[PDB]
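Next up: just one chain, as C-alpha cells, the form deposited in one PDB entry.
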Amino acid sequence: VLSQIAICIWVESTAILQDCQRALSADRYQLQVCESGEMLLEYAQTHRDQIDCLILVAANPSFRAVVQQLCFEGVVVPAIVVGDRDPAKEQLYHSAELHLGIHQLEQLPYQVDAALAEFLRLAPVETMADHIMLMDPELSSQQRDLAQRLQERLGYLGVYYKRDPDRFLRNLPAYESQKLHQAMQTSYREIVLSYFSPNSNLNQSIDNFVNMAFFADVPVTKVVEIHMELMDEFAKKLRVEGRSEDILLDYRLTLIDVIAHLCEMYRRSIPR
C-alpha cells in the first residue's frame, strides 16, 4: 500500500555502497548508484522528476562543487548527506537535508522516511548554495510540484479531533491565558505533592494536566516552565523547614512522567 521509493546514491566507497544496499534491500527501494560527480549531475538533470531521495557522501571528490552545480541546475530533492569532509556540522545542500554518520547506515529506511517527511514539511526549502541572506527560485516552485507529487504517494488522509484554536494557550487573551496557566499550575502541584505518595490518585492527576496541555496545544517548554515554577515554590517551602533542597531533583522523574504522558497522547492521536 506504500509507494516505491526511488533513491539515487552518489557513492565512491565499496564499504559505504554495501551498507546502503544492505539497509535498502527491500523491494520498495529502487536504487540508482552514481559513481562519479559527472554521472550524478547528468543523471539528476535527466531524471529530475524521478528521484525521491538523494544520498550523498560528503567525503566524495569535489563534493561542494557538485552540490553547487546541483543547485545551479535547479535539482532540489529530499536528501541525506553521509559522513563529513565537506558526521556533518553544517548544512551543505538545503534546509531539509538530513545528516547521517557512515556507521549509521543501517538506519536508512527510517532516515529516508525522515528526509522525505522533512522535505514535505519545509517545501519549498532554502538552498545553501543559492541563498545566503534572510528570506530558478520563483519557478524553483517546481519544488511545490515535486512536494504535491510526493505527498500524493507518501501522504494519507485521516480524521483528527478538532481542537479549538481560540482556546490554545497562545491565542487566549492575556487574562484567560493567566487563568489557564494558573489552573495548569494547580494541577501540576497536585501531581508533585502526590507523586511519591502511595495509593494517591496520581494517574488521574497526570491525565487532567495532560488534557489541558494537549487541548490548549501547549509546547513542551511551557510544561518545563510550569515544573520549574513549582520547584521554585517547593525549594522555598523546604528551606523554611530545615529539609534539604536536593529532594527536588527526584521530581525530574515527575517531569519525565508528565512529558511522556503528553507525548503518548500526541502519538495516540495519529489516525491508523
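We call the rigid core the largest set of C-alpha positions that still match within 1.5 Å between the two forms. We number the residues from 1 along the sequence you see.
Colleague: Are any deposited residues left out of the model between residue 86 and residue 87, and how many (none, 1 to 3, 4 to 9, 10 or more)?
Modeller: Some 4 to 9 residues are missing between them.
Colleague: With respect to the deposited sequence, how many residues separating residue 135 from residue 136 are not represented by coordinates: none, 1 to 3, 4 to 9, or 10 or more?
Modeller: Unmodelled stretch: 4 to 9 residues.
Colleague: Is the mean CA B factor in the deposited entry higher across 74-82 or across 194-202?
Modeller: Between 194-202 and 74-82, it is 194-202 that shows the higher mean C-alpha B-factor.
Colleague: Averaging C-alpha B-factors over each stretch, which comes out higher, 246-254 or 20-28?
Modeller: Looking at the record's C-alpha B-factors, the answer is 246-254.
Colleague: Using the temperature factors in the entry, find which of 113, 106, 130, 97 has the highest value at its Cα atom.
Modeller: Highest C-alpha B-factor among the listed residues goes to 130.
Colleague: According to the Cα B-factor stored in this entry, which of the following is highest: 207, 233, 52, 225?
Modeller: That would be 233.
Colleague: Ordered by C-alpha B-factor within the chain, which third holds residue 173? Give me lowest, middle or highest, please.
Modeller: Its C-alpha B-factor belongs to the highest third of this chain's values.
Colleague: Select lowest, middle or highest to describe the third in which the CA B-factor of residue 240 falls within its chain in this entry.
Modeller: It belongs to the highest third of the chain when residues are ordered by C-alpha B-factor.
Colleague: Sorting by Cα B-factor within the chain, modelled residues only, which third would residue 140 end up in: lowest, middle or highest?
Modeller: Top third by C-alpha B-factor.
Colleague: Is the Cα B-factor recorded for residue 91 in the lowest, middle or highest third of its chain?
Modeller: Residue 91: CA B-factor falls in the highest third of its chain.
Colleague: Place residue 164 in the lowest, middle or highest third of its chain's C-alpha B-factors, as listed in the PDB entry.
Modeller: As the PDB entry reports it, the C-alpha B-factor of residue 164 lands in the middle third of its chain.
Form deposited in another entry: not shown, discussed below.
Colleague: Given a rigid core superposition of the two forms, which one of 63, 214, 29, 234 has its CA shift by 2 angstroms or more between the shown form and the other one?
Modeller: The one that shifts is 234.
Colleague: Once the core is superposed between the shown form and the other one, does residue 47 show a C-alpha displacement of at least 2 Å?
Modeller: Result for residue 47: no, shift under 2 Å.
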